[PDB]
Amino acid sequence: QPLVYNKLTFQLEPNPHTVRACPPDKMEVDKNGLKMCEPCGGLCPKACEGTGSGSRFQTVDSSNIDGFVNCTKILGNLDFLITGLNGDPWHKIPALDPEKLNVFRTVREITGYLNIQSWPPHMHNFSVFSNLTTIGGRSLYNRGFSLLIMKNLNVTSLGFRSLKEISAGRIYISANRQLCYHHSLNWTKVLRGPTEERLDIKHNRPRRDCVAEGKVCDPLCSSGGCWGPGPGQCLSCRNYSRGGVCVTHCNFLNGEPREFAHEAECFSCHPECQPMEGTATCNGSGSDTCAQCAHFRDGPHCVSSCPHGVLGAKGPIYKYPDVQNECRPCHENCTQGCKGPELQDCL
Amino acid sequence: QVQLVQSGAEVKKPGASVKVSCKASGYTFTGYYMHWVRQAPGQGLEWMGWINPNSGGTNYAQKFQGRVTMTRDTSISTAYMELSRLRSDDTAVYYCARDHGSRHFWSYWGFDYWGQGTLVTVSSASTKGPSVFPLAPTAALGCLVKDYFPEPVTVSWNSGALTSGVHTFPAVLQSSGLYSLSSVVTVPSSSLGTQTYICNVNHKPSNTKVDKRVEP
Amino acid sequence: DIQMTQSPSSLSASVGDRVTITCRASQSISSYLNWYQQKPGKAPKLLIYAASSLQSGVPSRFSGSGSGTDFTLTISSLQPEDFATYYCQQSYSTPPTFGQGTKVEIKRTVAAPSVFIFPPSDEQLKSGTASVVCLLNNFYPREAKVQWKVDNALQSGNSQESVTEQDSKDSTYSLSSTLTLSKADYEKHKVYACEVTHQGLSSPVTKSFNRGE
Ligand SMILES: *[C@@H]1O[C@H](CO)[C@@H](O[C@@H]2O[C@H](CO)[C@@H](O)[C@H](O)[C@H]2NC(C)=O)[C@H](O)[C@H]1NC(C)=O
Ligand SMILES: *[C@@H]1O[C@H](CO)[C@@H](O[C@@H]2O[C@H](CO)[C@@H](O)[C@H](O)[C@H]2NC(C)=O)[C@H](O)[C@H]1NC(C)=O
Ligand SMILES: *[C@@H]1O[C@H](CO)[C@@H](O)[C@H](O)[C@H]1NC(C)=O
Ligand SMILES: *[C@@H]1O[C@H](CO)[C@@H](O)[C@H](O)[C@H]1NC(C)=O
Ligand SMILES: *[C@@H]1O[C@H](CO)[C@@H](O)[C@H](O)[C@H]1NC(C)=O
């Protein structure tokens, strides 16, 4: 019994009068000195060792890519050298299975650098790092490079859709004579700096050839650039984004789910809220920020039903629906609910 | 073995041009970049630029960009640097060094093999022969090689017979643009008068060979 | 441009000592830093590249360390072949920058100079110029002080000095100060003298002479 109703705030509260390992779908968190499990939004966080200096792996090949499964944060680097992707016949090492590269779709952060020098020819993007959001750069490759992509002759677009911060390090993107979409990137927003000789981009595909073929940024992207074609591959959106995809608008007045804006991002609103036609439906995602309740109202919150037996600090709480669907308290000297405020309206 | 041979010393006037060569032998000439580093007399080092001996690509420093042309001759394995628009502060010893890495992107730009060094003296003065003046008196005597241009001079006492205790001071550049140099030598006071002491100054640029007896 | 800052500028150490020179970068340069040794009159020699890696041929007593900003070239037990000037080079940014250079010198006991003064020769006075030479021969340390006195008058801005490198045997310096005057000025005053102040001298020594005498 962890939750207890409150007469003052009209909602549930943590009950003050309420080892084992957490399940694989829950992470062990600490709420002010109280160990408890908490569900993970999809995959649970898991730290994994990296590649390069400091680790026993020089490149990511066939013998180590299976250890990168369910990894959400590399505590190191990721090196994709030529001998790790195309094998090495002088040692009878087979080439890396390209479909094994999809294990990095769970990677959301890299502590050190990202060194990509070889990629399967049938993969025109690094979309296997679509969930990569932050490159730390605590350890750097070569001359202070935190991101290095050289001589990948079959990469059309980068594909780092969610990458929005590179804390430190220089950037090298060269010798990719078929790469586009990267010319209009606003690296000042990603690098958190002034890009003072921190960009080494050259000898790719010329801007004149990418623009003439219509392979530029989507009109829904803003001036911040785009990691490829489509409304999803934008860095920032011109107006609003729904689920990481740039859209023309949210659903303030019409739509399958009524939405509200928060920092130019569309979030669906609380289900206990009446969808309003032509007018706004909600301020935020809470049940107390809505325009009109979908059913009933218990104080500030819109509820589906009035508290009919919920435990409180003094006992069971019983409330009756008012004439206008407001959850008002039943009479004190009454048990098992009531119909109205009067005494005989009980039981 | 690896060996880099440069051209001889050059003397230029302010505004002219100097083209120093660098003959390479002992390695694949087109396999390693050629760096050029100059060093002013009694100063630190200064990197001017490199040249890719395979493609011909260059990378000059901003200070020299616009008046330095680095070229290559793979048929004879020779690298050239032509520093035009000369100034007084361009007087230095120009070395040619070779990058220790065949793959340049992963190189550390370490100079493992250098040339012998080419001295390039740039001054508005004209080639002048030296004036030898005796410094007459354990006794101490010497000579004074005053007012000459350019470097160097070779001072030897008694045609090389006397080498013990001889001190030929480095030449100081006077305000007139000419070098002054003293070459003293300590001798026993007993032999002062019983043995002839002659200093022999040789200035190759002006073809000047002057002897000078030093009597008390 | 990433300026290198070497410390110390000069260093006096004897054979067998452990010396330590420091190369500080203005910004982070990762591990792209080399070390060089330059004998007097010779081209630099590569000792340590990539901060720590020892170049083939250089003895194992030469060792490098550090990363980022602070680097250090440490050699243990100095050898006679190791008395030279040492430069550090950064290769992180596109223009390789060198340090000011540390110059290790042979330690020695304090030795006093042998002061000699030389009047201008008569062959030189025929030309119309007078040069008086004050000689400081075989002394240690290199620091000294030479002041000219033309009839008890302090002179300045008309004399230049030149010092010799440490001798191959006793490891002592030599200095010569030359006072250049026109014949008109030289024929005015009777007494010429240079006053030498050194650590090896119990009191400043002054060598004098008179014109014509
Ligand atoms: C990423 O690259 C692939 C090709 O390497 C692009 O084409 C997709 O390829 C896969 C398998 O090869 C197909 O299943 C898809 O249908 C292809 N997409 C299209 C639109 O034809 C892919 O489009 C690239 N992704 C982005 C975002 O540019
Ligand atoms: C790229 O992004 C940078 C930073 O995100 C923008 O530059 C700054 O914009 C802020 C606006 O809040 C100003 O306060 C700063 O003064 C700007 N700094 C500089 C150096 O301009 C920049 O405008 C963006 N460029 C594009 C094309 O979107
Ligand atoms: C990875 O996570 C999935 C569920 O998200 C689970 O079924 C699977 O067993 C996990 N694999 C490993 C190696 O942890
Ligand atoms: C990427 O992240 C989203 C939400 O952040 C998640 O739904 C998705 O499962 C992640 N990708 C993979 C391969 O798990
Ligand atoms: C990969 O690149 C080569 C040469 O650049 C090209 O011939 C080949 O078609 C490319 N692969 C694909 C799948 O397009």
# chains A, B, ... in the order shown; residues from 1 in each chain; ligands from 1
call {"tool": "interface_residues", "arguments": {"of": "chain B", "to": "chain A", "cutoff": "12 Å", "atoms": "only C-alpha atoms", "output": "PyMOL selection string"}}
result
chain B and resi 104-109
call {"tool": "write_last_selection", "arguments": {"atoms": "N, CA and C atoms", "output": "PDB file, in the first residue's frame"}}
result
ATOM      1  N   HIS B 104      51.016   9.972 -44.405  1.00  0.00           N
ATOM      2  CA  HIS B 104      51.208  11.277 -43.780  1.00  0.00           C
ATOM      3  C   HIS B 104      50.134  11.595 -42.750  1.00  0.00           C
ATOM      4  N   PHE B 105      48.908  11.096 -42.940  1.00  0.00           N
ATOM      5  CA  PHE B 105      47.835  11.433 -42.008  1.00  0.00           C
ATOM      6  C   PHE B 105      48.114  10.898 -40.609  1.00  0.00           C
ATOM      7  N   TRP B 106      48.798   9.760 -40.509  1.00  0.00           N
ATOM      8  CA  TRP B 106      49.157   9.182 -39.222  1.00  0.00           C
ATOM      9  C   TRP B 106      50.583   9.509 -38.806  1.00  0.00           C
ATOM     10  N   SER B 107      51.291  10.322 -39.583  1.00  0.00           N
ATOM     11  CA  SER B 107      52.642  10.715 -39.220  1.00  0.00           C
ATOM     12  C   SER B 107      52.621  11.675 -38.033  1.00  0.00           C
ATOM     13  N   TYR B 108      53.757  11.754 -37.344  1.00  0.00           N
ATOM     14  CA  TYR B 108      53.938  12.683 -36.238  1.00  0.00           C
ATOM     15  C   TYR B 108      54.849  13.845 -36.606  1.00  0.00           C
ATOM     16  N   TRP B 109      55.183  13.989 -37.890  1.00  0.00           N
ATOM     17  CA  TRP B 109      55.976  15.113 -38.394  1.00  0.00           C
ATOM     18  C   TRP B 109      57.324  15.206 -37.682  1.00  0.00           C
TER      19      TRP B 109
END
call {"tool": "residues_near_ligand", "arguments": {"ligand": "ligand 5", "cutoff": "9 Å", "atoms": "only C-alpha atoms and all ligand atoms", "output": "PyMOL selection string"}}
result
chain A and resi 120-124+152-155+177-178
call {"tool": "write_last_selection", "arguments": {"atoms": "N, CA, C and O atoms", "output": "tab-separated table (two decimals), in the first residue's frame"}}
result
chain	number	residue	atom	x	y	z
A	120	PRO	N	30.26	-1.32	-44.94
A	120	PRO	CA	29.76	-2.20	-46.01
A	120	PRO	C	29.25	-1.40	-47.19
A	120	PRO	O	28.58	-0.37	-47.01
A	121	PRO	N	29.56	-1.83	-48.41
A	121	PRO	CA	29.20	-1.02	-49.59
A	121	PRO	C	27.70	-0.88	-49.79
A	121	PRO	O	27.26	0.11	-50.40
A	122	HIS	N	26.90	-1.82	-49.31
A	122	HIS	CA	25.45	-1.77	-49.48
A	122	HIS	C	24.75	-0.97	-48.39
A	122	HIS	O	23.52	-0.97	-48.34
A	123	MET	N	25.50	-0.28	-47.53
A	123	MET	CA	24.95	0.57	-46.49
A	123	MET	C	25.35	2.01	-46.80
A	123	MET	O	26.51	2.39	-46.60
A	124	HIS	N	24.39	2.80	-47.28
A	124	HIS	CA	24.64	4.17	-47.70
A	124	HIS	C	24.50	5.18	-46.57
A	124	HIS	O	24.47	6.39	-46.84
A	152	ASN	N	34.85	6.57	-47.17
A	152	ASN	CA	33.69	5.68	-47.23
A	152	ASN	C	32.97	6.03	-48.53
A	152	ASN	O	32.00	6.80	-48.53
A	153	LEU	N	33.46	5.48	-49.63
A	153	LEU	CA	33.01	5.77	-50.99
A	153	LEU	C	31.57	5.34	-51.28
A	153	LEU	O	31.16	5.52	-52.43
A	154	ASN	N	30.80	4.78	-50.34
A	154	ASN	CA	29.41	4.42	-50.62
A	154	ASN	C	28.48	4.88	-49.51
A	154	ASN	O	27.50	4.20	-49.20
A	155	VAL	N	28.75	6.04	-48.92
A	155	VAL	CA	27.90	6.62	-47.89
A	155	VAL	C	27.22	7.84	-48.50
A	155	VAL	O	27.86	8.85	-48.80
A	177	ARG	N	33.59	10.68	-51.47
A	177	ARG	CA	33.27	11.34	-52.74
A	177	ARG	C	31.85	11.05	-53.22
A	177	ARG	O	31.54	11.25	-54.40
A	178	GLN	N	30.98	10.57	-52.33
A	178	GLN	CA	29.57	10.43	-52.65
A	178	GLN	C	28.68	10.87	-51.49
A	178	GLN	O	27.49	10.53	-51.47
call {"tool": "residues_near_ligand", "arguments": {"ligand": "ligand 2", "cutoff": "7 Å", "atoms": "only C-alpha atoms and all ligand atoms", "output": "count of residues only"}}
result
6
call {"tool": "interface_residues", "arguments": {"of": "chain C", "to": "chain A", "cutoff": "12 Å", "atoms": "only C-alpha atoms", "output": "PyMOL selection string"}}
result
chain C and resi 1+27-33+50+67-68+90-94
call {"tool": "write_last_selection", "arguments": {"atoms": "N, CA and C atoms", "output": "PDB file, in the first residue's frame"}}
result
ATOM      1  N   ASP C   1      48.537  29.458 -32.866  1.00  0.00           N
ATOM      2  CA  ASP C   1      49.762  28.910 -33.437  1.00  0.00           C
ATOM      3  C   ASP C   1      50.391  27.875 -32.512  1.00  0.00           C
ATOM      4  N   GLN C  27      47.874  25.200 -25.768  1.00  0.00           N
ATOM      5  CA  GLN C  27      46.607  24.484 -25.780  1.00  0.00           C
ATOM      6  C   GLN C  27      46.882  22.987 -25.808  1.00  0.00           C
ATOM      7  N   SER C  28      45.818  22.203 -25.647  1.00  0.00           N
ATOM      8  CA  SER C  28      45.954  20.752 -25.645  1.00  0.00           C
ATOM      9  C   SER C  28      46.379  20.260 -27.023  1.00  0.00           C
ATOM     10  N   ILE C  29      47.442  19.459 -27.060  1.00  0.00           N
ATOM     11  CA  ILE C  29      47.996  18.940 -28.303  1.00  0.00           C
ATOM     12  C   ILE C  29      47.992  17.412 -28.325  1.00  0.00           C
ATOM     13  N   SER C  30      47.197  16.789 -27.454  1.00  0.00           N
ATOM     14  CA  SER C  30      47.071  15.331 -27.356  1.00  0.00           C
ATOM     15  C   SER C  30      48.452  14.759 -27.061  1.00  0.00           C
ATOM     16  N   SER C  31      49.041  13.947 -27.941  1.00  0.00           N
ATOM     17  CA  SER C  31      50.364  13.377 -27.716  1.00  0.00           C
ATOM     18  C   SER C  31      51.276  13.622 -28.912  1.00  0.00           C
ATOM     19  N   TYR C  32      51.029  14.703 -29.655  1.00  0.00           N
ATOM     20  CA  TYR C  32      51.820  15.041 -30.838  1.00  0.00           C
ATOM     21  C   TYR C  32      52.901  16.040 -30.431  1.00  0.00           C
ATOM     22  N   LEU C  33      53.999  15.503 -29.905  1.00  0.00           N
ATOM     23  CA  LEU C  33      55.125  16.322 -29.479  1.00  0.00           C
ATOM     24  C   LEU C  33      56.407  15.519 -29.630  1.00  0.00           C
ATOM     25  N   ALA C  50      56.338  11.352 -30.759  1.00  0.00           N
ATOM     26  CA  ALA C  50      55.051  10.942 -30.196  1.00  0.00           C
ATOM     27  C   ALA C  50      55.110  10.902 -28.670  1.00  0.00           C
ATOM     28  N   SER C  67      51.252  14.188 -21.636  1.00  0.00           N
ATOM     29  CA  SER C  67      50.245  14.270 -22.682  1.00  0.00           C
ATOM     30  C   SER C  67      49.351  15.468 -22.407  1.00  0.00           C
ATOM     31  N   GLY C  68      48.761  16.004 -23.472  1.00  0.00           N
ATOM     32  CA  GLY C  68      47.860  17.132 -23.350  1.00  0.00           C
ATOM     33  C   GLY C  68      48.554  18.475 -23.436  1.00  0.00           C
ATOM     34  N   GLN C  90      55.899  20.630 -31.557  1.00  0.00           N
ATOM     35  CA  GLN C  90      54.516  20.181 -31.586  1.00  0.00           C
ATOM     36  C   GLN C  90      54.099  19.941 -33.031  1.00  0.00           C
ATOM     37  N   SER C  91      53.330  18.872 -33.250  1.00  0.00           N
ATOM     38  CA  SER C  91      52.835  18.532 -34.580  1.00  0.00           C
ATOM     39  C   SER C  91      51.317  18.386 -34.592  1.00  0.00           C
ATOM     40  N   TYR C  92      50.636  18.963 -33.599  1.00  0.00           N
ATOM     41  CA  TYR C  92      49.182  18.877 -33.508  1.00  0.00           C
ATOM     42  C   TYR C  92      48.504  19.781 -34.534  1.00  0.00           C
ATOM     43  N   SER C  93      48.850  21.064 -34.542  1.00  0.00           N
ATOM     44  CA  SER C  93      48.302  21.997 -35.513  1.00  0.00           C
ATOM     45  C   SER C  93      49.179  22.048 -36.760  1.00  0.00           C
ATOM     46  N   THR C  94      48.643  22.677 -37.806  1.00  0.00           N
ATOM     47  CA  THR C  94      49.312  22.656 -39.102  1.00  0.00           C
ATOM     48  C   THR C  94      50.678  23.345 -39.142  1.00  0.00           C
TER      49      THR C  94
END
call {"tool": "residues_around", "arguments": {"residues": "residue B:206", "least_positions_apart": "4", "cutoff": "10 Å", "atoms": "only C-alpha atoms", "output": "number ranges by chain"}}
result
B: 127-130, 148-150, 202
call {"tool": "residues_around", "arguments": {"residues": "residue A:167", "least_positions_apart": "5", "cutoff": "7 Å", "atoms": "only C-alpha atoms", "output": "list in words"}}
result
residues 135, 136, 137, 191 and 192 of chain A
call {"tool": "interface_residues", "arguments": {"of": "chain C", "to": "chain B", "cutoff": "8 Å", "atoms": "only C-alpha atoms", "output": "PyMOL selection string"}}
result
chain C and resi 32-34+42-46+49-50+91+95-101+116+118-121+123-124+160-164+174-176
call {"tool": "write_last_selection", "arguments": {"atoms": "C-alpha atoms", "output": "PDB file, in the first residue's frame"}}
result
ATOM      1  CA  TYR C  32      51.820  15.041 -30.838  1.00  0.00           C
ATOM      2  CA  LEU C  33      55.125  16.322 -29.479  1.00  0.00           C
ATOM      3  CA  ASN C  34      58.704  15.500 -30.482  1.00  0.00           C
ATOM      4  CA  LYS C  42      75.100  20.580 -36.510  1.00  0.00           C
ATOM      5  CA  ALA C  43      71.578  19.824 -37.662  1.00  0.00           C
ATOM      6  CA  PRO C  44      69.003  18.714 -35.063  1.00  0.00           C
ATOM      7  CA  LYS C  45      68.709  15.014 -34.235  1.00  0.00           C
ATOM      8  CA  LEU C  46      65.403  13.313 -33.450  1.00  0.00           C
ATOM      9  CA  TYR C  49      58.721  11.307 -31.148  1.00  0.00           C
ATOM     10  CA  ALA C  50      55.051  10.942 -30.196  1.00  0.00           C
ATOM     11  CA  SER C  91      52.835  18.532 -34.580  1.00  0.00           C
ATOM     12  CA  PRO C  95      52.354  24.898 -38.351  1.00  0.00           C
ATOM     13  CA  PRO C  96      54.888  22.905 -36.303  1.00  0.00           C
ATOM     14  CA  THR C  97      56.108  25.140 -33.487  1.00  0.00           C
ATOM     15  CA  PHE C  98      59.403  24.641 -31.664  1.00  0.00           C
ATOM     16  CA  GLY C  99      60.368  25.603 -28.144  1.00  0.00           C
ATOM     17  CA  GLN C 100      62.943  28.199 -27.197  1.00  0.00           C
ATOM     18  CA  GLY C 101      65.337  25.353 -26.399  1.00  0.00           C
ATOM     19  CA  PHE C 116      94.282  41.388 -21.125  1.00  0.00           C
ATOM     20  CA  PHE C 118      95.154  45.522 -26.360  1.00  0.00           C
ATOM     21  CA  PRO C 119      95.788  49.054 -27.677  1.00  0.00           C
ATOM     22  CA  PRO C 120      94.916  49.732 -31.326  1.00  0.00           C
ATOM     23  CA  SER C 121      97.698  48.992 -33.787  1.00  0.00           C
ATOM     24  CA  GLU C 123      98.328  50.104 -39.051  1.00  0.00           C
ATOM     25  CA  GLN C 124      94.718  50.563 -37.911  1.00  0.00           C
ATOM     26  CA  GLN C 160      80.409  44.958 -28.254  1.00  0.00           C
ATOM     27  CA  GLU C 161      81.226  41.580 -26.729  1.00  0.00           C
ATOM     28  CA  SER C 162      81.610  38.018 -27.988  1.00  0.00           C
ATOM     29  CA  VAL C 163      81.751  34.803 -25.957  1.00  0.00           C
ATOM     30  CA  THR C 164      83.166  31.391 -26.847  1.00  0.00           C
ATOM     31  CA  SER C 174      86.292  33.257 -23.163  1.00  0.00           C
ATOM     32  CA  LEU C 175      85.017  36.790 -23.750  1.00  0.00           C
ATOM     33  CA  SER C 176      86.376  39.732 -25.748  1.00  0.00           C
TER      34      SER C 176
END
call {"tool": "residues_around", "arguments": {"residues": "residue C:114", "least_positions_apart": "6", "cutoff": "9 Å", "atoms": "only C-alpha atoms", "output": "PyMOL selection string"}}
result
chain C and resi 135-139
call {"tool": "write_last_selection", "arguments": {"atoms": "C-alpha atoms", "output": "short mmCIF file (atom, residue, chain, number, x, y, z; two decimals), in the first residue's frame"}}
result
data_model
loop_
_atom_site.label_atom_id
_atom_site.label_comp_id
_atom_site.auth_asym_id
_atom_site.auth_seq_id
_atom_site.Cartn_x
_atom_site.Cartn_y
_atom_site.Cartn_z
CA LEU C 135 90.19 39.97 -23.28
CA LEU C 136 88.68 37.62 -20.68
CA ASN C 137 90.31 34.22 -21.13
CA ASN C 138 89.28 30.92 -19.50
CA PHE C 139 86.75 31.55 -16.72
#
call {"tool": "atom_distance", "arguments": {"atom1": "atom CA of residue A:151", "atom2": "atom CA of residue A:118"}}
result
7.4 Å
call {"tool": "residues_near_ligand", "arguments": {"ligand": "ligand 3", "cutoff": "8 Å", "atoms": "only C-alpha atoms and all ligand atoms", "output": "compact mmCIF listing (two decimals) with N, CA and C atoms, in the first residue's frame"}}
result
# COMPACT_ATOMS: atom_id res chain seq x y z
N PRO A 24 15.11 -7.97 -15.38
CA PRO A 24 15.88 -7.41 -16.50
C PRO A 24 15.21 -6.22 -17.18
N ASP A 25 13.92 -5.98 -16.94
CA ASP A 25 13.21 -4.85 -17.52
C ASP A 25 13.10 -3.66 -16.57
N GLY A 42 12.01 1.15 -22.60
CA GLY A 42 12.54 0.32 -23.66
C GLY A 42 13.64 -0.59 -23.17
N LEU A 43 14.86 -0.37 -23.66
CA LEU A 43 16.01 -1.12 -23.18
C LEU A 43 16.58 -0.47 -21.92
N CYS A 44 17.00 -1.30 -20.97
CA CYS A 44 17.58 -0.77 -19.75
C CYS A 44 19.01 -0.30 -20.00
N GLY A 67 29.36 -8.88 -28.56
CA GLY A 67 29.36 -8.33 -27.22
C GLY A 67 28.76 -6.95 -27.10
N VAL A 69 25.68 -6.14 -27.90
CA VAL A 69 24.24 -6.28 -27.95
C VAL A 69 23.63 -5.67 -26.69
N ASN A 70 22.52 -4.95 -26.87
CA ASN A 70 21.82 -4.29 -25.76
C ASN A 70 22.69 -3.24 -25.08
call {"tool": "residues_near_ligand", "arguments": {"ligand": "ligand 4", "cutoff": "12 Å", "atoms": "only C-alpha atoms and all ligand atoms", "output": "ChimeraX atom specification"}}
result
/A:40-45,69-72,101-109,127-133,161-162,243-244
call {"tool": "atom_distance", "arguments": {"atom1": "atom CA of residue A:283", "atom2": "atom CA of residue A:317"}}
result
29.3 Å
call {"tool": "select_by_dssp", "arguments": {"residues": "stretch 134-232 of chain A", "states": "strand (DSSP E or B)", "output": "MDAnalysis selection string"}}
result
chainID A and resid 134:135 141 145:150 165:166 170:174 199:202 221 226
call {"tool": "select_by_dssp", "arguments": {"residues": "stretch 57-180 of chain C", "states": "helix (DSSP H, G or I)", "output": "PyMOL selection string"}}
result
chain C and resi 80-82+122-125
call {"tool": "closest_atom_pairs", "arguments": {"of": "stretch 16-85 of chain C", "to": "stretch 166-172 of chain C", "cutoff": "12 Å", "atoms": "only C-alpha atoms", "output": "CSV"}}
result
residue,atom,partner,partner_atom,distance
C:40,CA,C:166,CA,10.7
C:80,CA,C:168,CA,9.9
C:81,CA,C:168,CA,11.3
C:83,CA,C:166,CA,10.2
C:84,CA,C:166,CA,10.9
call {"tool": "write_last_selection", "arguments": {"atoms": "C-alpha atoms", "output": "PDB file, in the first residue's frame"}}
result
ATOM      1  CA  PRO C  40      76.675  23.338 -31.903  1.00  0.00           C
ATOM      2  CA  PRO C  80      79.622  14.017 -22.615  1.00  0.00           C
ATOM      3  CA  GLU C  81      77.869  13.448 -25.957  1.00  0.00           C
ATOM      4  CA  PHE C  83      75.780  18.354 -23.815  1.00  0.00           C
ATOM      5  CA  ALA C  84      73.847  20.254 -26.485  1.00  0.00           C
TER       6      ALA C  84
END
call {"tool": "residues_around", "arguments": {"residues": "residue A:319", "least_positions_apart": "6", "cutoff": "10 Å", "atoms": "only C-alpha atoms", "output": "VMD selection string"}}
result
chain A and resid 298 305 to 310 326 to 331 337 to 341
call {"tool": "write_last_selection", "arguments": {"atoms": "N, CA, C and O atoms", "output": "mmCIF file, in the first residue's frame"}}
result
data_model
loop_
_atom_site.group_PDB
_atom_site.id
_atom_site.type_symbol
_atom_site.label_atom_id
_atom_site.label_comp_id
_atom_site.auth_asym_id
_atom_site.auth_seq_id
_atom_site.Cartn_x
_atom_site.Cartn_y
_atom_site.Cartn_z
ATOM 1 N N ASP A 298 -11.937 15.958 -9.946
ATOM 2 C CA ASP A 298 -11.668 15.807 -8.518
ATOM 3 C C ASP A 298 -10.638 16.868 -8.138
ATOM 4 O O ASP A 298 -9.430 16.652 -8.252
ATOM 5 N N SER A 305 -13.372 8.709 -12.410
ATOM 6 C CA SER A 305 -14.414 8.423 -11.435
ATOM 7 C C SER A 305 -14.032 9.074 -10.116
ATOM 8 O O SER A 305 -12.861 9.371 -9.864
ATOM 9 N N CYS A 306 -15.037 9.293 -9.277
ATOM 10 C CA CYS A 306 -14.788 9.907 -7.986
ATOM 11 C C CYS A 306 -14.244 8.878 -6.998
ATOM 12 O O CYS A 306 -14.591 7.695 -7.069
ATOM 13 N N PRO A 307 -13.374 9.306 -6.073
ATOM 14 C CA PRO A 307 -12.802 8.367 -5.098
ATOM 15 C C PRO A 307 -13.870 7.657 -4.283
ATOM 16 O O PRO A 307 -14.504 8.259 -3.412
ATOM 17 N N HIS A 308 -14.076 6.373 -4.564
ATOM 18 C CA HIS A 308 -15.112 5.565 -3.924
ATOM 19 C C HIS A 308 -14.432 4.416 -3.187
ATOM 20 O O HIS A 308 -14.435 3.272 -3.646
ATOM 21 N N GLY A 309 -13.842 4.729 -2.036
ATOM 22 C CA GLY A 309 -13.184 3.737 -1.212
ATOM 23 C C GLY A 309 -11.673 3.802 -1.185
ATOM 24 O O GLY A 309 -11.045 2.891 -0.632
ATOM 25 N N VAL A 310 -11.066 4.840 -1.761
ATOM 26 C CA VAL A 310 -9.615 4.954 -1.760
ATOM 27 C C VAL A 310 -9.130 5.301 -0.358
ATOM 28 O O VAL A 310 -9.700 6.166 0.321
ATOM 29 N N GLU A 326 -18.469 17.247 -10.533
ATOM 30 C CA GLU A 326 -17.403 17.583 -9.600
ATOM 31 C C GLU A 326 -17.445 16.615 -8.427
ATOM 32 O O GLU A 326 -18.490 16.448 -7.792
ATOM 33 N N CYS A 327 -16.314 15.978 -8.145
ATOM 34 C CA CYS A 327 -16.241 14.993 -7.070
ATOM 35 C C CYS A 327 -16.226 15.727 -5.736
ATOM 36 O O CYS A 327 -15.195 16.249 -5.309
ATOM 37 N N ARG A 328 -17.384 15.769 -5.072
ATOM 38 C CA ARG A 328 -17.546 16.430 -3.789
ATOM 39 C C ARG A 328 -17.668 15.401 -2.668
ATOM 40 O O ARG A 328 -18.115 14.274 -2.900
ATOM 41 N N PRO A 329 -17.277 15.751 -1.443
ATOM 42 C CA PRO A 329 -17.211 14.741 -0.378
ATOM 43 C C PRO A 329 -18.587 14.304 0.101
ATOM 44 O O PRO A 329 -19.514 15.110 0.213
ATOM 45 N N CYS A 330 -18.708 13.006 0.380
ATOM 46 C CA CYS A 330 -19.884 12.461 1.042
ATOM 47 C C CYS A 330 -19.908 12.894 2.509
ATOM 48 O O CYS A 330 -18.937 13.442 3.041
ATOM 49 N N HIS A 331 -21.043 12.651 3.162
ATOM 50 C CA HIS A 331 -21.191 13.012 4.566
ATOM 51 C C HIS A 331 -20.220 12.206 5.422
ATOM 52 O O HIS A 331 -19.898 11.055 5.117
ATOM 53 N N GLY A 337 -19.882 4.707 0.545
ATOM 54 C CA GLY A 337 -20.309 5.668 -0.449
ATOM 55 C C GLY A 337 -21.635 6.340 -0.127
ATOM 56 O O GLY A 337 -22.245 6.143 0.925
ATOM 57 N N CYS A 338 -22.075 7.154 -1.080
ATOM 58 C CA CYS A 338 -23.317 7.904 -0.949
ATOM 59 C C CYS A 338 -23.730 8.386 -2.334
ATOM 60 O O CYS A 338 -22.995 8.228 -3.312
ATOM 61 N N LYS A 339 -24.926 8.976 -2.405
ATOM 62 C CA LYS A 339 -25.433 9.546 -3.647
ATOM 63 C C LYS A 339 -25.375 11.065 -3.678
ATOM 64 O O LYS A 339 -25.295 11.640 -4.768
ATOM 65 N N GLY A 340 -25.414 11.722 -2.522
ATOM 66 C CA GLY A 340 -25.384 13.163 -2.452
ATOM 67 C C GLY A 340 -24.855 13.647 -1.118
ATOM 68 O O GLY A 340 -24.450 12.857 -0.260
ATOM 69 N N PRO A 341 -24.859 14.968 -0.910
ATOM 70 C CA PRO A 341 -24.272 15.511 0.325
ATOM 71 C C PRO A 341 -25.106 15.256 1.568
ATOM 72 O O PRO A 341 -24.562 15.316 2.678
#
call {"tool": "atom_distance", "arguments": {"atom1": "atom CA of residue A:198", "atom2": "atom CA of residue A:221"}}
result
24.3 Å
call {"tool": "closest_residue", "arguments": {"among": "B:177, B:56, B:66, B:205", "to": "residue B:11", "atoms": "only C-alpha atoms"}}
result
B:205
call {"tool": "closest_atom_pairs", "arguments": {"of": "stretch 144-256 of chain A", "to": "stretch 79-89 of chain A", "cutoff": "12 Å", "atoms": "only C-alpha atoms", "output": "Markdown table"}}
result
| residue | atom | partner | partner_atom | distance |
| --- | --- | --- | --- | --- |
| A:146 | CA | A:79 | CA | 11.3 |
| A:147 | CA | A:79 | CA | 10.5 |
| A:148 | CA | A:79 | CA | 9.6 |
| A:149 | CA | A:80 | CA | 9.6 |
| A:150 | CA | A:81 | CA | 10.4 |
| A:151 | CA | A:82 | CA | 10.4 |
| A:152 | CA | A:82 | CA | 10.4 |
